[PDB]
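Data block below; observations after.
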Amino acid sequence: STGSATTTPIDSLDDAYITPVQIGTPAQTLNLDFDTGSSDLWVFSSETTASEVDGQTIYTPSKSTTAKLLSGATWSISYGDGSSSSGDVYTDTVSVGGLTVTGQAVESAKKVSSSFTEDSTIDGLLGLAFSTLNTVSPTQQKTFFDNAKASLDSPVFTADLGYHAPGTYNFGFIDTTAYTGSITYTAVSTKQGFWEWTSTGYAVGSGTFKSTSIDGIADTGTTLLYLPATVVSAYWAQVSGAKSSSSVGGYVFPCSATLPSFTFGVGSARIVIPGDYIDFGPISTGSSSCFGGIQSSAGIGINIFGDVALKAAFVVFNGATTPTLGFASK
């Protein structure tokens, strides 16, 4: 089997992407944030504290003839950005782009943190990291991909995120029309539960390529590109007036600037992030200080190839017995 679904930016900055997901019988369609940095499929629901729901579409398990309470199971998650959610668990039928999993754990939120409430466009998350990170207790649950894998034509999914435009998540096949040149594959460590890999270096603009190993994760659920402070300083030094602002929480730059591109290495191959992808707009409405899309990972404890990086590539998440990651230009 295969599946194919369009993923759509939630706003004009590509702060996140939402993909429609069918849950239950009859289908309840919720728009979920597909997150290769976590491993829980959780939703706003009829159980979510009323004051914490603000415009989201909810899953109502009592209206699904295929929903079953997973008795005794609870979940609780905290994300790198300080947000969180928790609740109980149902199993139900879940379909993405025509690909159906029966008995998928659907984690129903009883509580969500303010960041989730305040984002009316995101009805929940669909985790696509390794199932070892799933938070369900006392019986850990599998991700949608892990459950689908054996049925797929090939044990893969691909992320093709758009810049200020829709893109595509495919399951079970590689669309050879969706990228240019060849796909370069690179090794993955699953030791921390992530799609963790090592970039071979970087360049800033038309500058020379610096060969250096950068360990990090491919994370569709993180907006920006978080890299070591040395790398990030080298980038922003090429933008007149750019500075790290402790008050704002990262690098800012004059909105009048033209940003240079940023290149990262995948083996001997190179992915070029155009400068415009690195512009996250005014820090507040009407400001002439703009927020940068490349930020320091110092104090996160891991480098993160988030959407800023991934949307410059066609990315293969290869879930074969020994997982790997593939990157192509597009």
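By Swiss-Prot numbering, chain A shows 90-419, in order.
Quick check of the header: X-ray crystallography, 1.1 Å.
The backbone N, Cα and C atoms fix where each Cβ goes, and this holds for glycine too.
Sequence-distant neighbours of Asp124 (active site) (same chain, six or more apart, CB under 8 Å from its CB) are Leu214, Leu215, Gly216, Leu217, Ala218, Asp308, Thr309, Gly310, listed in sequence order. Look at Swiss-Prot and you will find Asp124 (among others) tagged as active site.
Marked as active site by Swiss-Prot: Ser288 (among others). According to DSSP, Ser288 (active site) sits within a strand segment.
The disulfide bond feature in Swiss-Prot is assigned to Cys344-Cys379. The DSSP secondary structure for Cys379 (disulfide bond) is strand.
If you look up Swiss-Prot, you'll see 106-417 marked as domain 'Peptidase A1'.
Within the same chain, the residues at least 6 positions away from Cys344 (disulfide bond) whose Cβ sits under 8 Å from its Cβ are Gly370, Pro371, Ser376, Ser377, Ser378, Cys379, listed in sequence order. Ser288 (active site) is surrounded by 22 other CB atoms, counting those within 10 A of its CB over all protein chains shown.
Secondary structure at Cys344 (disulfide bond), as computed by DSSP, is coil.
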